[PDB]
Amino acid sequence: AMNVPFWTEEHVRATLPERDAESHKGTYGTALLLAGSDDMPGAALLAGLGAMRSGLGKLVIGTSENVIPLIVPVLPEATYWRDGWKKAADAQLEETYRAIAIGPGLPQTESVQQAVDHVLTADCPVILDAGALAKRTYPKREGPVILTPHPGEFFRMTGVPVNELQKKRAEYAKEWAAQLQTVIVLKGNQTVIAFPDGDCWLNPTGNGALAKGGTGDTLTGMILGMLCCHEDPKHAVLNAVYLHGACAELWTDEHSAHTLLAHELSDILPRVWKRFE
């Protein structure tokens, strides 16, 4: 009904960054990921791999003590802020980060919202997903706030029932991005990327291989990394959603859509990303 344009291959090619010969890890920044809890530890690994695969310089993972050891053998490149997501509830961050994500595998609690409020006082883009998504408002700040709800989380945020939401996805996503003054990545087939300045796009990539636990955790990480290597954070969000879906399309060329595991999207991204360079 709205004619929201697709973010196309041509837009991706035109906007993906270079990685210059004269750069070091500091050029691409240090990200922070606040993710993973004792009965949902895997979401931290998924998002971690997503982020380190996606062109950042360094990654600090703020997760519980019990989760740390489960990440290290698979993602040895990350370092840790021990019990970081709980510690973020107590004070403003003393360290400076290029971008921050919070929520995958975190309980949807008031302590998590406190950590959200502290993270928002930093001057960098911030992603809120999963356990960090709630019905709330957002303080005026410099850097973008990026919310990544699936339709269930959108219902939690807005009170718009899922059955109604799904009939008018882009209309609701635009309306709430504007009201909240946040980016909203409203997930699903034809994911909507709605910006608080009124720009809105649809994502043309992805398939049912993504309809399985963990794929959104991986996406949150991909957005986190891309925010560190793109000059324009809009392009980071758009390219992460696009390339995330493109990795699922590569998988289905020679593998059944029923059989993808989320972490494999990260394994596939190196070759898919190269295609768009």
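In case it trips you up, residue 1 is the first one in the sequence shown, and so on.
Relative to its counterpart among 130 to 138 and 89 to 97, 89 to 97 has the higher mean temperature factor, C-alpha atoms as listed in the PDB entry. Among the modelled residues of its chain, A14 has a C-alpha B-factor that falls in the highest third according to the deposited record. Placement of the Cα temperature factor of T215 within the chain: lowest third of the modelled residues, per the deposited record. Sort the modelled residues of the chain by CA B factor and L261 lands in the lowest third. Split the chain's modelled residues into thirds by C-alpha temperature factor. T148 is in the lowest one. Sorting the modelled residues of the chain by their CA temperature factor places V192 in the middle third.
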